[PDB]
């Protein structure tokens, strides 16, 4: 192997430690487990596939926020197992079933695919509370994963755009604040966006300065009806929750900006958020029914702070607890029901 090439069966750790850039064998099958990257390196995957066994992650990446060079991973497929067991309860042990675990990340992940991870396919965390460590995840595919992307507290200002999710329970497990998530396509996932207190994958910085990012031009279809196979019921560290397409429950956090999103048979649960704010579902397409499929529900206590502006939709779409004066133009069927949203 000339310098820069990493063959199947060779030691990845040694290759990464000795090279600033590494090229994999085009279309080859690798088998990696707990590989450790301690310095910036670029990996050109060249259409290769990385399988694994046992307890993940496939790669541990120890970031150096001081170093101007980023870790970059392009054009690589990661396989976490065979098609998932969706009925297994989630637990601390399964949080290890990751493709990438990055701490203090300065990373670019572009054109990669992630199949059948029992935890988060990608997990980013910060070793200490503070965003000069820029994170970019674009043009990736996620299929069969429990969680797509988990960003811990103080992993901030990342960009996750133009990704495609299908058959995942939770696409974005959101803790760290200020991310832009734009132009992502999701279908047959229980939940595109989850934020609450007491989450998995908060990391060492904890649930700090959370969410309040940007969520634009995304599609979240068939969350609760007409495609998704993952259960609604989901085990957090201290309690069970009932997932929705968009789930937000944290009295100490603000919601992201929410504009240009399509929700066909979604459901959205705005359970709790910081009272010194408003929230607008802006420029959305809201399609649902018949029955309670693709419901948007807000806590009555906060309903007056929620608006639905410039949205299109059908009569079958239910909007729950938002005052009629707050919905311009009329869209869907407006309803009052203080039992909704349930946590």
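Numbering follows the first chain given and starts at 1.
The segment from residue 130 to residue 131 is interrupted, since 4 to 9 residues of the deposited sequence in that interval carry no coordinates. The question of which stretch, 77 to 85 or 141 to 149, has the higher mean Cα B factor is settled in favour of 77 to 85.
The mean Cα B-factor in the deposited entry runs higher for 95 to 103 than for the other of 176 to 184 and 95 to 103. Looking at 245, 226, 198, 256, the one whose CA carries the top B-factor in the deposited record is 226.
The PDB entry gives the largest Cα B-factor of the residues 278, 312, 34, 282 to 34. When the CA B factors of the chain's modelled residues are split into thirds, the value for residue 135 lands in the highest one.
Compared with the other modelled residues of the chain, the Cα B-factor recorded for residue 324 ranks in the middle third. In the deposited entry, the Cα temperature factor of residue 303 places it in the middle third of its chain's modelled residues.
Ranked by C-alpha B-factor against the other modelled residues of its chain, residue 165 falls in the lowest third. Residue 45 sits in the lowest third of its chain by CA B factor, as recorded in the PDB entry.
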